[PDB]
*Asks:* 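Quick one: the structure is below, questions incoming.
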Amino acid sequence: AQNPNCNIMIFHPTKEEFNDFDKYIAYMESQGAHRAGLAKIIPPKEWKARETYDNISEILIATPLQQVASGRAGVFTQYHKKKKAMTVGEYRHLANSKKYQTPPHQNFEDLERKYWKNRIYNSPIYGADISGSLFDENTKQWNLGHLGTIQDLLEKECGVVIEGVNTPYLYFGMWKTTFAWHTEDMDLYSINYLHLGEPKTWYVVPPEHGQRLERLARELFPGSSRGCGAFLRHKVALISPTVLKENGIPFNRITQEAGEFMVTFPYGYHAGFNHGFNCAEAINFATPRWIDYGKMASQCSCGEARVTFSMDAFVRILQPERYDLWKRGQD
Ligand SMILES: O=C(O)CNC(=O)C(=O)O
Ligand SMILES: [Mg+2]
Ligand code: NI
Ligand SMILES: [Zn+2]
């Protein structure tokens, strides 16, 4: 069995190996990468996502989200308060202000320490989930707006034709902006490219141990657990590495820098934070190996998780028994 300790693997494809996206994912899995839940892919030196970022300040963040925390430093939830629209140029200036900027620090470890110590005492503003792409249309390799669609994968594997579309999303971050513990919708893969700016630190639980994290989460968030049998789908709960280590939960951590891709694998729980002003692009995708995970994915039916149009068909075809109750949640 490859990668039996479930370590995060880092890949350095050549320009030749960067041509065929599906093939390279399957290669990484042949080496055991999926067992970690997360992999890093460093693009060949010849590749670029686009020529420059000099012209992005006019993108609109229609609904910036102020991430307000409740709880204790190592175990908290966050709620998203909607703020007035602002441009990326306005957001960048905000991120760089004295109130929101990254503090002085020695290295990534010192910054990680300061994040876990102090996150809860601040409310950083996140421009999340903005439909769009920063890949140049002429970038032919690993262009996250040109991937094969999940609908087409399901059709190729299972024969059924379904409605729905699959497009990327932009994320504009600042110091302390936080992504809560989650897996993807329908336990899909994700791919995330850090276009510019400061790093993103990731934490991940191997897929084979995801239920251990769920059981801890039910213990740590007991009212939330009573409210919903899949409350991590709400994407609000944070648990620190120190607390994970105290409770024996297997995990790994890695920091992504600008110019790097990360892939999350089906049912790989992940969480993290941004080090300063940055812009990431991410999209879900599927492979044949995902289908079985899609069939078994939990679902939020309490009504809180409220997701995309395209998830309907996935539930309807892969989980027909759950369909009815899940759609009651969405309506
Ligand atoms: O970058 C972020 O804020 C969150 N991204 C993801 O969870 C992902 O790419 O799967
Ligand atoms: Mg612009
Ligand atoms: Ni994710
Ligand atoms: Zn729910």
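First listed ligand is number 1; within each ligand, the first listed atom is number 1. All residue numbers in this chain count up from 1 along the given sequence.
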*Asks:* Ligand 1: which protein N/O atoms lie under 3.5 Å from its N/O atoms?
*Replies:*
{"residue": "ligand 1", "atom": "1 (O)", "partner": "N192", "partner atom": "ND2", "Å": "3.3"}
{"residue": "ligand 1", "atom": "1 (O)", "partner": "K200", "partner atom": "NZ", "Å": "2.9"}
{"residue": "ligand 1", "atom": "3 (O)", "partner": "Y126", "partner atom": "OH", "Å": "2.5"}
{"residue": "ligand 1", "atom": "7 (O)", "partner": "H182", "partner atom": "NE2", "Å": "3.0"}
{"residue": "ligand 1", "atom": "7 (O)", "partner": "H270", "partner atom": "NE2", "Å": "3.1"}
{"residue": "ligand 1", "atom": "9 (O)", "partner": "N192", "partner atom": "ND2", "Å": "3.0"}
{"residue": "ligand 1", "atom": "10 (O)", "partner": "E184", "partner atom": "OE2", "Å": "3.0"}
{"residue": "ligand 1", "atom": "10 (O)", "partner": "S190", "partner atom": "OG", "Å": "2.7"}
{"residue": "ligand 1", "atom": "10 (O)", "partner": "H270", "partner atom": "NE2", "Å": "3.2"}

*Asks:* Is it the case that the side chain of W116 and the backbone of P241 share a donor-acceptor pair, with hydrogens and angles ignored and the cut-off at 3.5 Å?
*Replies:*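 A pair under 3.5 Å: no.
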*Asks:* Does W47 form a ring pair (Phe, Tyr, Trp, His ring centres under 6.0 Å) with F261? I'd like the steps, not just the answer.
*Replies:* CA-CA 12 Å; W47 181 95; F261 289 89; 5.4 Å; yes
*Asks:* Looking only at N, O or S atoms in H234, which is nearest to the Zn ion (ligand 4)?
*Replies:*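 For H234, the N/O/S atom sitting closest to the Zn ion (ligand 4) is NE2.
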*Asks:* Output yes when a side-chain donor or acceptor of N143 lies under 3.5 Å from a complementary backbone atom of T139, and no otherwise.
*Replies:*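 It does hold such a pair.
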*Asks:* Got a sec, which pairs hit salt bridge (charged side-chain N to carboxylate O under 4.0 Å, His left out) with one end in residues 270-290, sequence neighbours left out?
*Replies:*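 Applying salt bridge (charged side-chain N to carboxylate O under 4.0 Å, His left out) to every pair that reaches into residues 270-290, excluding sequence neighbours, yields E29-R289.
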*Asks:* Using a strict threshold of under 4.0 Å (side-chain N to carboxylate O), is an ion pair present between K200 and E260?
*Replies:*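 No salt bridge links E260 with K200.
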*Asks:* Which label fits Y91 and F172: parallel for a plane angle under 30°, tilted from 30 to 60°, or perpendicular past 60°?
*Replies:*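 The arrangement is perpendicular - the two ring planes meet at more than 60°.
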